[PDB]
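Mapped onto mature numbering (1 follows the signal peptide of the UniProt record, and there is no 0), the consecutive letters of the sequence shown carry residue numbers 2153 to 2246, 2248 to 2385, 2390 to 2421, 2426 to 2437, 2452 to 2473.
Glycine included, C-beta positions come from ideal geometry on N, C-alpha and C.
Heads up: the structure comes next, in structure tokens.
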Amino acid sequence: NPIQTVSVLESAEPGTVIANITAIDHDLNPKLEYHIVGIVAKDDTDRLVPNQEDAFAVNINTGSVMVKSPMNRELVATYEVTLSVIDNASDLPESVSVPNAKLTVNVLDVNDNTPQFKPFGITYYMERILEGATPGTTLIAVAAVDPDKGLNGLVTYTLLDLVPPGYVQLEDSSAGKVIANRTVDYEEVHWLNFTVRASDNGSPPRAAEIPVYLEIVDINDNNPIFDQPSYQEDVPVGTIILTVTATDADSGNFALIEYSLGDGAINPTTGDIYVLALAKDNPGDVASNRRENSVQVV
Ligand SMILES: [Ca+2]
Ligand SMILES: [Ca+2]
Ligand SMILES: [Ca+2]
Ligand SMILES: [Ca+2]
Ligand SMILES: [Ca+2]
Ligand SMILES: [Ca+2]
């Protein structure tokens, strides 16, 4: 039987006798030479891989075929190894037994690659998010990769360390797309920091966890709100009659209120009133990015 087939573990060490070929009565004949003439290395994609003639060897005398250099399925998933045997001075008198042997050698997978995060080298994701993002908005998409065959490198994504629970979720437990299932608010959360965990479906499962920091950006989405709904012969001219006050639940100059009135007179800073009402946020920025409430006063 010249043409055999044998499977091997990629983790199988050098020298590990994988196979054994013989001639008929190779023991009646001690003067036989077994030789590896060519090696043909290919991917799990059937693609071809050059310069792999160093991968196996044969014992010249016994024809036991063993590994010579360490393998890796993620580089080469199958070899076709060609062998000859040479009778010394007998058959084919002037000296080979052809048909040659074709040993087919399939490399069985060991779950030895643990998931990586694209882009390669990433320690953390940070991106920057603007509030009011609608629930079911893709907030950020991470992803990851496993080299190993079938199960051993089917990647599945888990989400941990979730700062307020229930705020975001993976839409689908087989893709690192983080959606929000609560409308995004700076006036609740300044940071949605969580930890994404990709894992293979390996016999003992290998995985990886990496943090995901999402910086939450303020927008002018809160009016200034006044304290009271309404604030109600001749005194001295400067003396202050009453202060008013409003608050604006945003932060970065989107809280600075400019207090103003129709008639009299006012102070934009304090909200104080003198003698001869409105609140407006974000001064120094265009009207269309401002908001306001109006109180009455007697
Ligand atoms: Ca490997
Ligand atoms: Ca592998
Ligand atoms: Ca794996
Ligand atoms: Ca808000
Ligand atoms: Ca805001
Ligand atoms: Ca505001």
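Using only the heavy atoms of ligand 5, determine whether one of them is closer than 8 angstroms to the beta carbon of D2374.
-> yes
Taking 9 angstroms as the cut-off, decide whether the C-beta atoms of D2299 and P2364 are in contact.
-> no
Enumerate in chain order the residues of its own chain whose CB-to-CB distance from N2253 is below 8 angstroms, with the five nearest sequence positions on each side excluded.
-> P2154, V2189, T2234, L2235 and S2236
Determine the direct distance from the alpha carbon of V2331 to that of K2302, and round the result to whole angstroms.
-> 26 angstroms
Stretch-stretch touch, CB-based, cutoff 8 angstroms, three pairs: the region 2222-2233 with the region 2259-2272 = yes
By DSSP, does residue 2423 sit in helix, in strand, or in coil?
-> Any question about the placement of residue 2423 has no answer from these coordinates, since the chain jumps from 2421 to 2426.
For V2473, which residues does DSSP report across the bridge?
-> Beta-bridge pairing links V2473 to no other residue.
Check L2261 in the structure and name its three-state DSSP category.
-> strand
CA-to-CA distance, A2193 to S2326, given in whole angstroms = 36 angstroms
Closest to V2337 by CA distance: which of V2160, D2374 and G2329 is it?
-> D2374
Consider the C-beta atom of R2466 and the heavy atoms of ligand 1; say whether any pair is separated by less than 8 angstroms.
-> no
Could you check which residue in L2244, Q2269, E2246 and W2344 has the C-alpha nearest to that of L2292?
-> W2344
Does the region 2205-2221 come close enough to the region 2170-2190 that 3 or more CB-CB pairs lie under 8 angstroms?
-> yes
Could you give the DSSP three-state label for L2312: helix, strand or coil?
-> strand
To the nearest whole angstrom, what separates the beta carbons of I2282 and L2367, a pair I think is in contact under 8 angstroms?
-> 5 angstroms
Does the beta-carbon of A2294 have 16 or more other beta-carbons within 10 angstroms, so that it is buried, or is it exposed?
-> exposed
What residues in its chain sit with their C-beta under 6 angstroms from that of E2185, if we drop five residues either side in the sequence?
-> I2212 and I2238
Assign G2289 to one of three DSSP states: helix, strand, or coil.
-> coil
Of the residues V2342, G2306 and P2182, the one placed nearest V2321, counting alpha carbons only = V2342
Within its chain, find whatever has a CB closer than 8 angstroms to the CB of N2468; leave out the 5 residues flanking it on each side and keep chain order.
-> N2376, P2377, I2378, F2379, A2403, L2453 and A2454
With a threshold of 16 other CB atoms inside 10 Å of the CB of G2355, please say whether the residue is buried or exposed.
-> buried
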